[PDB]
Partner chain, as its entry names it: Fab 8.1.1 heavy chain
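In structure tokens, the next block holds one chain alone, the form solved without its partner chain.
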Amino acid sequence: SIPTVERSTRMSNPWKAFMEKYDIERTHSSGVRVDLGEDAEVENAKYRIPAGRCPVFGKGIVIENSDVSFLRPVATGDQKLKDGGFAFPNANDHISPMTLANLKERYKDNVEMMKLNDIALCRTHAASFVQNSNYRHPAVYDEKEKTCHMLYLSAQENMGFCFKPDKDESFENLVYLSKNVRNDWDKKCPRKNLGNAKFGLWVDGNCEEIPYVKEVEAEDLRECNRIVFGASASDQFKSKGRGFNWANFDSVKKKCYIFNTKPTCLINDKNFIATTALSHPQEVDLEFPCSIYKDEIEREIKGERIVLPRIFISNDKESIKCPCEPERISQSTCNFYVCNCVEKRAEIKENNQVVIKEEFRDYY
């Protein structure tokens, strides 16, 4: 009979589906700055080759003391060595470079290949050239010129020839593509930076600051994005995508904060933009998913026994059923309120690990 309201003991995270694409270790799973994640036996010899499953936006190779773009064919037969780039040679063109039109005509009678997005079409094309080898060439797609370049050299860094991977304005429309990039990278992989947001850690019902980050000066989002790229998982020893892959850029204080633990939520903060090593150097989506908490609270609700979820933030402050006044979050563009005065069952300990508090370990 008696109608009741209580707080759930289930420890959830409403950000799980949204945040999967930012779990770089799981979704990309190889180096980002330098990706040599797979091994290949080219008949009797031994090679390392890019294996990452996500595209890397804006990445190119910088040839030290040179004016040749790495997108130029490799130096062919005779002719001065590295008077050229990294790309596939001459042949009779026919293979590389190839415009989107050219790729569309080549594969017009392929049903499945015709369904691919442009980046995925370029990727599929490059990875089709060898015969029982997993040695396949990486590609660079130029989104500006709508051109696919197969790369002949798969190495990315030779320093201390001489070259290194970087992100700069000249590479901004380039997408660097291992042979393993997901055809559905638009759903599974980072691209746009997230404005009005910073990365955080979900701690029993609210998204909290990551305590251990490295702070660096950065004038703008592009610089923050370049710095996190320089710091990110490097196979130059297989990283398996583990590294300083993520950064929060404070656009008011002009600081970049890089960290190496996957984020599990976002904090809504109007001063911040959240970026990764894989992400485009400039594109920003400003639309925070404001309804994320309210949707979860309302879904759990819809005499009665109401069990409220462990969600202590929302744009509907009464919905939380906070025992004190919820705090209005000044930096929120969603007008979030937070109930600080509730029992917490998890905490952040060193190395940014979220653990159940000692008091609560038995059960859980």
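Residue numbers count along the first chain shown, from 1.
Trainee: What size is the break between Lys46 and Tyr47 in terms of deposited sequence residues left without coordinates: none, 1 to 3, 4 to 9, or 10 or more?
Mentor: Gap size class: none, per the record.
Trainee: According to the PDB entry, how many deposited residues between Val216 and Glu217 are absent from the model (none, 1 to 3, 4 to 9, 10 or more)?
Mentor: Gap between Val216 and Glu217: none.
Trainee: Can you tell me which stretch has the higher mean Cα B-factor, 349-357 or 21-29?
Mentor: Here the higher of the two C-alpha B-factor means belongs to 349-357.
Trainee: Mean C-alpha B-factor higher for 64-72, or for 309-317?
Mentor: So the stretch with the higher mean C-alpha B-factor is 64-72.
Trainee: Compare the CA B factors listed in the entry for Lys262, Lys270, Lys82, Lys179 and report the winner.
Mentor: The C-alpha B-factor peaks, among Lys262, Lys270, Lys82, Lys179, at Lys82.
Trainee: Name the one of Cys339, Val56, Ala40, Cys334 with the greatest CA B-factor according to the PDB entry.
Mentor: The C-alpha B-factor peaks, among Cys339, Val56, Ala40, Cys334, at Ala40.
Trainee: Please rank the C-alpha B-factors of the chain's modelled residues and tell me whether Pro138 sits in the lowest, middle or highest third.
Mentor: Middle third, going by the recorded CA B-factors of the chain.
Trainee: Going by the recorded CA B-factors, say which third of the chain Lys108 sits in, lowest, middle or highest.
Mentor: Its C-alpha B-factor belongs to the highest third of this chain's values.
Trainee: How does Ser251 rank on Cα B-factor within its chain, lowest, middle or highest third?
Mentor: Ranked within chain, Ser251 CA B lands in the middle tercile.
Trainee: Quick one: classify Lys144 as lowest, middle or highest third of the chain based on its Cα B-factor.
Mentor: For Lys144, the deposited C-alpha B-factor lands in the highest third.
Trainee: Which third, lowest, middle or highest, does the CA B-factor of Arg123 fall in along this chain?
Mentor: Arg123: CA B-factor falls in the middle third of its chain.
Another form, the form deposited with its partner chain bound, is not on view; read the next lines as being about it.
Trainee: Is its partner chain in the entry with it bound close enough to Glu318, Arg328 and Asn340 that every residue in that trio has a heavy atom within 4.5 angstroms of it?
Mentor: So, yes: the whole triplet contacts its partner chain.
Trainee: Can you check 23-31, 293-301, 320-328, 47-55 and let me know which stretch has heavy atoms within 4.5 Å of its partner chain in the entry with it bound?
Mentor: After filtering at 4.5 Å, what remains is 320-328.
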